[PDB]
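You are given structure tokens for the same protein chain in two forms, set apart as structure 1 and structure 2.
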Structure 1
């Protein structure tokens, strides 16, 4: 509804290293967005439940908004000209911010991932023989939940805490990583890609619509398969911005407007969907270079050359999803996912059926039960 504070702030630029001035609006809902020039909400940019910290390194009058978002630590770093300015922002942000099991229950089998904020471990629950992923966050580094009712997101089974740790026991699919399946197969057929794309769209529609959340981390590495061959979108983020690549995320998948470090929204997920589906259908990334600066330039400046092997529906969809201007991009309007759901490439798809897992997988991984360790 209402703006509580507005004005310029220096924001640490994540991908193209800079302190760029952004015009920010703090709002009564918790929203805190920074536009390049003086200008539906997203919980990703909210300050609700966040931790505010004053520091003088690297620059004087710096502050940090650190948030635990679901199971992931998200940080943004800001700088102002004087200490009185800081206290004005920090007090305004602070005031607007207005609202079973233990380690012993599990066996620890394999390291799945590691970052500055913690670890993800392949785990087996002793009492049931079931396999999960435990995401273990370090309390020293950071200084009441209800799952999404959608089948292709990563559901949380348990949440608990030790004196120095936060532990999230979450689903872990045993049908293999899609990066592995695609590496072997070289390329997916358009119908194979249609099936995965439809399952991705359905999950992200849910996040965007029911949760007011952007994923922002769509990539082949974050997609795994069910025992049944259905999609699982992964929740293993551990990365901390600013320390050794010094940025978080896989740049090959990042939208131009994320790179520019302007405001962005739901359409960043559709750009991600475009890269992912392009990769499944062409067997290669749409933008690639060894050197990150050159890769960034390509994402921002270069138009794509689409292979001649691609049917006209696929090419239309991919060209739509990979438009640089987010307001022009497929799914970038007020309709969001609906724009993509009624694109011609998905002709015939019954979206309630996708949501209900009624779409038949083109590929079943070689696994007899949810307890099959073959892919681990």
Structure 2
């Protein structure tokens, strides 16, 4: 029953490098809107490219005949910007997309929290670290503009959702066991066993998002990993889409963790998260990023072309895992097949690991953060500078 509604060439604005790119897009009746570098000859649909519950806007800036697909995915507002040659083509696309979207459609207040610290600013709102006065718990509050608009042990849970007169607010649970980059920086390098533990929990969470939620996390990096009070991994959802910063070109964020297919603004899928897994687990066991340099052109080339290299102190099992995870071609990448996470869970690096015990947190955390409870503020104090 799934068929193509409309297909053709489009100019898509790059998601990390702001240049316009010629891409062949396929609009299907299941809601997927995917672009390709070349017209594909050609299973579960990813919600990352869904046009369901989205609003279309027609703009003449910064380029005439531009249309934008603005979507609210979970707790993050995203924008996909496209360009055509003639206004007639734009109307054809916007009508087709809207038609598909139509066919698919077939108390807690702000005074209850205390402002603590600005976590991040985005185009359509901000993220704030708050503390509930009643319980003393820590939370990350996503405060999004109103007019522009599920539990896993290793994912930051959405606690509350409320709105003001002009703002929509999402309340994330905030781990108090400390940032993982802080822990890795302090201890320089994690052992293979400890990295196996963190890695296993990450795999479990990614497996959940892929099979149950049918979504790609795409932001898997060290900065988005935290530990709770018990030392278990928490993958964070504190992000917001920003506008890039002007090396005369304009870039949005740092590219060191981005998958090659994501950098080239090509078709991407579940394999992206496995690349991220490779980057994270590489840094944990090697003590540094897989690809690093100052020039963005250089950094791109290292990610796109340069083969990953390993220290002599790294074991063959770890080398096999990282080599598979950091394959530049997602079709050849470990976990890039139809088996997805099972391809990684069955890898010999995770031999002996009982994955049911992983999800149920039966595995003893090798590291216990110096906190007494979920309200302990040690990783919020001056020590964080040390």
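Residue numbers count along the first chain shown, from 1. Throughout, rigid core stands for the largest set of C-alpha atoms superposing within 1.5 Å between the two forms.
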* Core-fitted Cα difference of 2 Å or more between structure 1 and structure 2, single residue among 265, 256, 113, 176 -> 113
* Core aligned, does the CA of residue 366 move at least 2 Å between structure 1 and structure 2? -> no
* To do: Determine, after fitting the two forms on their core, whether residue 15 shows a C-alpha shift of 2 Å or more between structure 1 and structure 2.
  => yes
* Asked: Cα shift of residue 239 between structure 1 and structure 2 after core superposition, in Å?
  -> 2.6
* Structure fact -> When only the core is superposed, residue 125 shows a C-alpha shift between structure 1 and structure 2 in angstrom of 1.4
